[PDB]
Amino acid sequence: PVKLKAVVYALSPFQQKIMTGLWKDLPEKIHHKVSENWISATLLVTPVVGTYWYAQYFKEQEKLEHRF
Amino acid sequence: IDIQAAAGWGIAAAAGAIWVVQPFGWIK
Amino acid sequence: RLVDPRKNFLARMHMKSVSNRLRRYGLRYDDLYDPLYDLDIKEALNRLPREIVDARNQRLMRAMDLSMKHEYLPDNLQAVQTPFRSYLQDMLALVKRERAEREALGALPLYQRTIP
Amino acid sequence: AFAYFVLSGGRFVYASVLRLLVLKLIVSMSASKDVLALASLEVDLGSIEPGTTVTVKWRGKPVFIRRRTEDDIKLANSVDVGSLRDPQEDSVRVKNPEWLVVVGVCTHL
Amino acid sequence: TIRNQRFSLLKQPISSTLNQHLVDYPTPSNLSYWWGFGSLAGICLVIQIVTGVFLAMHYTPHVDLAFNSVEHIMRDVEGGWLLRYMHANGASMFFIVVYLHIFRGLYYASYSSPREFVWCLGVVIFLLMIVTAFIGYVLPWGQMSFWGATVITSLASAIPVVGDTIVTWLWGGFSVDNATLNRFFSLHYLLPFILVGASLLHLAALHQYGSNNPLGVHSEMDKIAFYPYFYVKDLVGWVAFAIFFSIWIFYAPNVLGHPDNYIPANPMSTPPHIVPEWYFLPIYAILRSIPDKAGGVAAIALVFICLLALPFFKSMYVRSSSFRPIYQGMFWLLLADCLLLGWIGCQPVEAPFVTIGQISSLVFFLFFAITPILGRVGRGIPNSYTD
Amino acid sequence: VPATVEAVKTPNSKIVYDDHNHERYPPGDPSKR
Amino acid sequence: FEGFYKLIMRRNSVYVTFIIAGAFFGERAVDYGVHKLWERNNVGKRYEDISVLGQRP
Amino acid sequence: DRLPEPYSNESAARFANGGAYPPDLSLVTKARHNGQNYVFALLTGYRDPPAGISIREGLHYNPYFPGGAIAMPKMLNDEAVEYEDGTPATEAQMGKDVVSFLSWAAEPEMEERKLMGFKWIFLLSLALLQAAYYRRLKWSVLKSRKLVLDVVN
Amino acid sequence: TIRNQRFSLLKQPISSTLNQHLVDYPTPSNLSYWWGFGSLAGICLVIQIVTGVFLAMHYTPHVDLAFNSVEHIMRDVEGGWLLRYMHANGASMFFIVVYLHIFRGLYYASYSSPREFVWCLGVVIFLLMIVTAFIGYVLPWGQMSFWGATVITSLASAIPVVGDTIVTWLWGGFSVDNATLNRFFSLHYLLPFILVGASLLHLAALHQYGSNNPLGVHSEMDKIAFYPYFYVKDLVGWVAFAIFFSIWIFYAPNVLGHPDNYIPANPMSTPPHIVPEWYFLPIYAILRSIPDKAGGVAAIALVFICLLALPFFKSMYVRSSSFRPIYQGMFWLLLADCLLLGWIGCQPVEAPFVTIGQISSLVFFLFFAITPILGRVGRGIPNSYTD
Amino acid sequence: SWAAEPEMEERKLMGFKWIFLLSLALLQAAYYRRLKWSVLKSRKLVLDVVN
Amino acid sequence: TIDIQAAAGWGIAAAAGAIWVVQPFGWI
């Protein structure tokens, strides 16, 4: 057991609003999600999308070359 | 607290049986 | 070394990003060193004074509370944070030095990990 | 010393029993006698037009028969043996220069 | 406390083990929704077993009757189509949930000490899932069932000395036939029970040290009971999973599969497009990248060797990707690589997909090769980044 | 004086709860049970 | 009104019956409403909407 | 009784069709990619081959069929069938009708399946709203808590 | 002590659970060979599962192929005659060992407090064994199998209102057909795994208080570790059981069975003699002693009710029959009665076997009616037999 | 008779071989049990009670 | 220097067991 020194105040679940917090400070939530994860989203989407488009470009050139 | 609870839980059991098994038509 | 922030600018960006992430939770870098990871950290922690370990435990409870609440520290509290003020590395290094000295002379370890 | 000698005698049986039971289960998964009794037959065939491939059945092994044109024979004789992954000549694999009879099962998998 | 009288019934010997392991077990309070996929995997296993036991009441494991009995379930059995689609799509859902479960562990370094045994037990579980799902896919005895079995059972031929002997013993004959289907059905009923037992050991191993948390720090200062806090949290994921599963079962029941399995098996003709289920595609692409049969099988084994050797690599003492920006970038590159490998597996073996698959397979193995040296370099970070 | 010691020694009837996730109902309101 | 209302939040046996009854009636109403919208969206395509239904020769 | 078979066995079917076997049509719309569309296009897609393409004797050109050479002839010609409802039996009308019949034959449970899907996805969405409320209600006491500690940095 | 270093590996967390529950579990030192049948029953269950899994690799659950697949097992697969005889005779050995295990518990009153839950879990196991073995006997689809399944599924017709609908639901139609045989196969693969779980809970319940001993007294003063003392004592029983099993497998493989099951099932003509396996004969006898449909089924249920109510009767505080001459004498009469009932079940229903079966059934139920009376009267033994 | 039981000759050879071998194992099993238990069965126990 | 002898001794046992379980006398 860890020795702990702390004071905790808690409110009853039936004395507070339950769902309205979902759509509170929404602009801040979106800004935090975008600004912290845009590098992570870039590192996942770019290799997948870039490789996919290169394959389609390769297939289109190969298909046209074999035509008469 | 004992007879009333027994009656209430028996009613719930009977309601559950009619809900799981639907004996509509067998009520003849 | 390339990990030197003063010599290498890439390390400067690495240190800045880690400091910013730690500062949001009020955590020091030495608070990420958990005693269950290995017995050397546990031995080093047990040798530290009580006031340091109590303060480490309170920063960890504050951070776990913030993480649970989907919250960060207030900017006023973020200004006074010292993410890279050390309290464990020197003691950890000494514990490792003592462990190696025991091994070099053929002595039994002072502690071993339980086979899970 | 005598006790270890006596205990080893019964250990002989225990190892043999374990080996027998394990092996009996393993060999039970091998090919049955009714399967092995259907592994050798013969089938006759006819002729096909040039430039085509007909697949015949033997015992789960399709057989590829191709009537190769004279141009196909020149194309199959103008290759370096050294570059081949399996060094082999065209002549040693064919009796009639027109009829190639091979089993149509990929050697990979 | 002298226990002379009987207190709460959950503390009696009849249910003390369930109380301490399911109800009152302490859990880190900051666990995110990414920690609810272990319970979802257990529910997917229960769905697979329950539907499978009732499907086996109508399925005949004979080559002359296997395909027709599956069609008998879909057409004649009252409620048969639902059981079949909940079992066919259930295997895909099981793999989706487990794939997310694995990548959660990779992101947060959940495999690290002191939970190395939890990761190792999971890898064995993943092997059991792969074997179980594959032999089950042969049961309908369609075109992809037959030709799927012809390949995998031939993998043993990579062994030089006894490779052909193992292939024939695995087949029960000289080809894939009723002997193979009958033995695959028995193994497909047994392996899910072994998978249940492996999951129990998996959960027991984790409960020795508790769960890791998104911060990856010591969590003893802020632990709460599993019930009701993480029961209701997991219940949200269960209902959201049920909507996703229902979309496939009732509106897209055949898009996750291939139409060629609706053609009865033909040992003479071969489909021009022989591919496994989508969840075996990344492994399939790695196999096809190596231009050698022996090398390809070794590469598949090396994948599981790299997974097993991951927890035991000497590393830095920081766990979470939230504080490891370089390892965080590596993780997202690995996730994109795994998706790239799966898409390449569906592509025919031709340019440019051959080269792409080889680069993708190389990048996948680089993650496990670069991770250990990141830890060795990262061990010197606290000395370098002073106050 | 440490904050925990000050809190223990000084009961405070004007307690403020974290409201990022949940906003409280006005004090003196009937329960939503 | 108040008689059933006070019994529902006071006795779990009554509340369980209330849950069972709600599941019975709620599912039937949804099943009826879904079928009505299904019939409205598929006018003329039913089996009994076939004009030659009953004359094979 | 099942629908009658036109041939005694597969070998008899191939011998009567030039070596090609007409596949069973019970699941054809499910056994091909884009099955409903592919069958309709294949039935109504018999046309002259492109320039430079010659078709061997006994086969017919169809671009939708892989390879382009099909052993089935154009069977859906105008007035090939007499409809009892009097609708004109054009090539497209008969092609649309037979694919509709083939679609039902492959998926006879679709209407029951679709009705179950709409009802239960709607009911599960309602339960999802309650599940979110139930989780947030139980966790509200933890999320709104005020923690007081002595540490600063 | 401070566990700073690693002592014996058995005390490490990897094997601590196995060490405390198997190697070092405290066991009364005076346990006789009658306490070795629990491990024998566990070994029999493992033998049945292993042989059954490999037999399911060759068996076809179809009425047109079930009989021939068993004959194909005997004649074609190498060593298949051994697997089939091991499985068929293994079910008889399982019942022989479990019947001796139950009677040890009756003689030494091992059902008494504090081991009531152990006995109750054993009764559930016994029901699982009966259902498992019965549906397995239907799988070969012989004359015995068909007419055996016809009446057991017909037992549900004893219920007045819904009895017929349960019979048709169990059949999957209007007669015992391929639907009945196919669903019996699925349940026969699943119930053995449920038996494994029930036996583990059975074992866990017993370990709460420890095993009873031949003297029936408190044994905490003379307990020894299970390994190696009761391991080497159990090993003697295992080898002795193997000799017993080998005699039946290799020299009398068909003595414990009826030749009628070697005739393919004929729904048209019933055999002149129609009896279950020998281990079901005592239940057969009680069923046929009641001249009523509902009464016969009620008596069968009353057998398991009496076995379940045995531990809860207000009994005296003395357990072992070695100190209870009246109870000891009644036990030997009950054993002779159970032997008589099995012999009666093998006899046709006619005089004098109808009267004998009725009397034997009454004597069997009298044992469970007199035992509580013995306890209440025996309570005053210490107050009447004074020094 | 042969057609009904074509494996009988192999079955009988197996039975004689393995029943004989297991009988040797039973004799060794008894020695092993009595060797491990001899320290318990020959022990002398001195207690204080009389009646 | 007894770990090496332990490895060699156990290697002989592993070889002896391998020739015992699998008996490839008709293959050598």
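Should a chain be cited, it is by its letter among A, B, C, D, E, F, G, H, I, J and K, assigned in written order, with residues numbered from 1 in that chain.
Just so we're on the same page, a residue touches a chain if its C-beta (ideal position, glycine included) is under 8 Å from a C-beta of that chain, and two chains touch if they have at least 3 such contacts.
For each chain, UniProt lists the protein as follows: A = Cytochrome b-c1 complex subunit 8-1, mitochondrial; C = Cytochrome b-c1 complex subunit 7-2, mitochondrial; E, I = Cytochrome b; G = Cytochrome b-c1 complex subunit 9, mitochondrial.
S.K.: Over the chains that touch one another, what is the least number of steps taking subunit D to subunit F?
M.R.: 3
S.K.: Distance-wise, how many Å sit between the C-alpha centres of subunit I (Cytochrome b) and subunit J, to the nearest whole number?
M.R.: 24
S.K.: What whole-Å value do you get for the distance between subunit I (Cytochrome b) and subunit K if each is reduced to the mean of its CA atoms?
M.R.: 44
S.K.: For subunit B and subunit K, what's the span in angstrom between their mean Cα positions?
M.R.: The separation of the two C-alpha centroids amounts to 72 Å.
S.K.: I'd like the Å distance between the centres of subunit B and subunit I (Cytochrome b), where a centre is the mean of that chain's Cα atoms.
M.R.: 37
S.K.: Would you mind listing the residues of subunit G that make contact with two or more other chains?
M.R.: None at all.
S.K.: Quick one: which residues in subunit I (Cytochrome b) touch 2 or more of the other chains?
M.R.: In subunit I (Cytochrome b), residues 13-14, 54, 57-58, 75, 82, 242 touch at least two other chains, as defined above.
S.K.: Would you mind listing the residues of subunit F that make contact with two or more other chains?
M.R.: 2, 4, 7, 15, 17-18, 20-22, 24
S.K.: Chain pairs that touch, all of them, please.
M.R.: A-C, A-E, A-F, A-H, B-G, C-E, C-F, C-H, C-I, D-E, D-I, D-J, D-K, E-H, E-I, F-H, G-H, I-J
S.K.: Which stretch or stretches of subunit D touch subunit J in the complex?
M.R.: 3, 6-7, 9-11, 13-14, 16-17, 20
S.K.: Could you pull out which subunit E (Cytochrome b) residues touch subunit D in their complex?
M.R.: 150-151, 154-155, 157, 168-177, 179, 183, 267-269, 293
S.K.: Mind listing the subunit H positions that touch subunit F in their complex?
M.R.: 136, 140, 143-146, 148-150
S.K.: Mind pulling up the subunit I (Cytochrome b) residues that touch subunit E (Cytochrome b) in the complex?
M.R.: Against subunit E (Cytochrome b), subunit I (Cytochrome b) makes touches at 13-14, 53-54, 56-62, 65, 117, 179, 182-183, 185-187, 189-190, 193, 208.
S.K.: In their shared complex, at which residues does subunit I (Cytochrome b) touch subunit C?
M.R.: Interface residues on the subunit I (Cytochrome b) side: 3-6, 9, 12-14.
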